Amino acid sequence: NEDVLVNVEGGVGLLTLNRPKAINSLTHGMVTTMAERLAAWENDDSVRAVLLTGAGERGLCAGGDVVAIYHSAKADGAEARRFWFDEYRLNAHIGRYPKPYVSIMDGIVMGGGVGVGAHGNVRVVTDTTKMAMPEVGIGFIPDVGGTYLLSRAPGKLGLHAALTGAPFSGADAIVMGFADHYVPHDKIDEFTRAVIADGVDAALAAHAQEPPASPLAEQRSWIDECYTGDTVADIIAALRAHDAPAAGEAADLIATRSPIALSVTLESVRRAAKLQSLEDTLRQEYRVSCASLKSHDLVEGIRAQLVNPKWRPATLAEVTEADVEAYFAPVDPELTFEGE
């Protein structure tokens, strides 16, 4: 099997993620294929644009392959670090890319799938889009430039998405700055065909629609009320005190997540909000990911997903400021972006 299908048609470089039985989860091989093709096509005049899609019907991409990260974290972390090094460089390159990069973020789009789709410049979601950064549920922290996107969402919507790790819709994704355009699922095929035949602007004019109401946008009042707290424990207390079902549901979900991952996530998004550069943000995320490889909760979190995680530390009250600060320590080598 070719885990990424590659072709050029109508002047469009086509990248189709192709592990549909795994909802197209990303391997290191898939990342390097994408990266090499983006590099090869960048100065090739026969390629006017790039289009990223996923095979099958359930989603563009459910994430990075978590089994491989798990096996690496139990070993010496070498593959995980190399994977993230190459992946984050790819994320940055999509972010800078000079040619139109159209991503079809249909169906399930989570974690690493956000990384390959949501830094594009023509970002399409649909009525089946279920997008999330669910990292705290496995003892991890949103990466792949997710902290850059989360910190740029309106209000505190980004913190809500990051701490709950809950999915949000296509319309929500547009509100949060993770996507640009809305096309119903049973027009993606016509839309994709039109990009290839008539170009991006014609395809959009012909198939894009006004998104429906964003439920996340309607929740902004209590999100902004409750997520201004200094600590995750402050946030949970406020959500409970607001005494309404949607806030309570958020609190309940947060309370299932890794305490250390939640704490590092809150700090990451707050620090990312002060960084202008996608590259600088990814450098921070790389330190955090590297640190997470040495953690109890990353292994426990992924284990539980594969096989009720028992987090350690078990409570937010046991998380110290030094525990959080440890995730932001320098590493050697730092993530670098040269070789363009």
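Numbers for residues come from their place in the sequence shown, where the first is 1.
> Count up the deposited residues without coordinates from residue 307 to residue 308 and drop the result into none, 1 to 3, 4 to 9, or 10 or more.
According to the record, 4 to 9 deposited residues lack coordinates from residue 307 to residue 308.
> Comparing average C-alpha B factors as deposited, tell me which of 25-33 and 289-297 sits higher.
Mean C-alpha B-factor is greater for 289-297.
> Would you determine, from the values in the PDB entry, which of 186-194 and 112-120 has the greater average C-alpha temperature factor?
The stretch with the larger mean CA B-factor is 186-194.
> Could you check 141, 132, 179, 206 and tell me which one carries the biggest Cα B-factor in the deposited entry?
That would be 206, according to the entry.
> From the list 254, 247, 105, 73, select the residue with the highest C-alpha B factor recorded in the entry.
Highest C-alpha B-factor among the listed residues goes to 73.
> Looking at the C-alpha B-factor of residue 313, is it in the lowest, middle or highest third of its chain?
As the PDB entry reports it, the C-alpha B-factor of residue 313 lands in the highest third of its chain.
> Relative to the other modelled residues of the same chain, rank the CA B-factor of residue 258 and answer lowest, middle or highest third.
Middle third by C-alpha B-factor.
> Looking at the entry's B-factor column for C-alpha atoms only, identify whether residue 271 ranks in the lowest, middle or highest third of its chain.
Middle third - that is where residue 271 ends up once the chain's C-alpha B-factors are sorted.
> Per the entry's values, where does residue 283 land by CA temperature factor relative to the rest of its chain, in the lowest, middle or highest third?
Middle third, going by the recorded CA B-factors of the chain.
> Taking only the Cα B-factors deposited for this chain, tell me whether residue 39 sits in the lowest, middle or highest third.
Within its chain, residue 39 is a middle-third residue by C-alpha B-factor, going by the deposited values.
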